[PDB]
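Only one chain is given next, in structure tokens, and it is the form deposited in one PDB entry.
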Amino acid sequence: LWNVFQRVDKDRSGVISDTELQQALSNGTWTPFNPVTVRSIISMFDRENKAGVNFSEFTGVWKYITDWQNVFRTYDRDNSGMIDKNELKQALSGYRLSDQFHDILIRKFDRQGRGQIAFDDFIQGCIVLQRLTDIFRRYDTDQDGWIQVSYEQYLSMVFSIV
């Protein structure tokens, strides 16, 4: 791990920045790992609001990304290195989502634009879905799948998301 951390710390400054974390990562493509995802992950582990991670926080970041990669690999059952619609259907089977909705999700998080989902966009869409579903559940106390909300509640709800 130590050895891995120094390698990522390009300028040897003892703190891994966004840029540095991004260049250590591959989305399986010719494009950069999504800088929005790099930053969500860093702010999860950085406790001194400094847009960076030191070694002990980096052990947390690295475990987390490697665990996501394990998930990605588990469901990419043709080893194509992209999650296609039916693989996503497997991956999200615990959400009880319709076929039509998986297309919407792909449209939304697929940055490559070919109707498949790369590792970075996989992480992004999974975390967004998860955050949103939890916020939804705060309203759906009777777990019937429907909510009824006033204009003011709705706004506050969006203010709580983003």
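Numbers follow the displayed sequence, beginning with 1. Between two forms, the rigid core is defined as the largest C-alpha subset superposing within 1.5 Å.
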Higher-scoring stretch by recorded Cα B factor average, 40-48 or 111-119:
40-48
49-57 versus 99-107 - which carries the larger mean C-alpha B factor in the record:
49-57
Ordered by C-alpha B-factor within the chain, which third holds residue 64? Give me lowest, middle or highest, please.
lowest
Chain-wide C-alpha B factor ranking for residue 23, given as lowest, middle or highest third
middle
For residue 151, return the chain-relative third of its C-alpha B-factor as stated in the PDB record: lowest, middle or highest.
lowest
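Just so you know, the form solved in complex with a partner chain exists too; it's not on screen, but the next bit is about it.
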Are any of the heavy atoms in residue 47 no more than 4.5 Å from a heavy atom of its partner chain in the bound PDB entry?
yes
Would residue 64 show up as a contact with its partner chain in the bound PDB entry if we use heavy atoms at 4.5 Å?
yes
So in the bound PDB entry, does residue 137 come within 4.5 Å of its partner chain, heavy atom to heavy atom?
yes
Is residue 55 a contact residue for its partner chain in the bound PDB entry, using a 4.5 Å heavy atom cut-off?
no
Do you see a C-alpha shift of 2 Å or more at residue 153 between this form and the one not shown, with the core held fixed?
yes
Would residue 137 count as moving between this form and the one not shown, using a Cα shift of 2 angstroms or more after superposing the core as the test?
yes
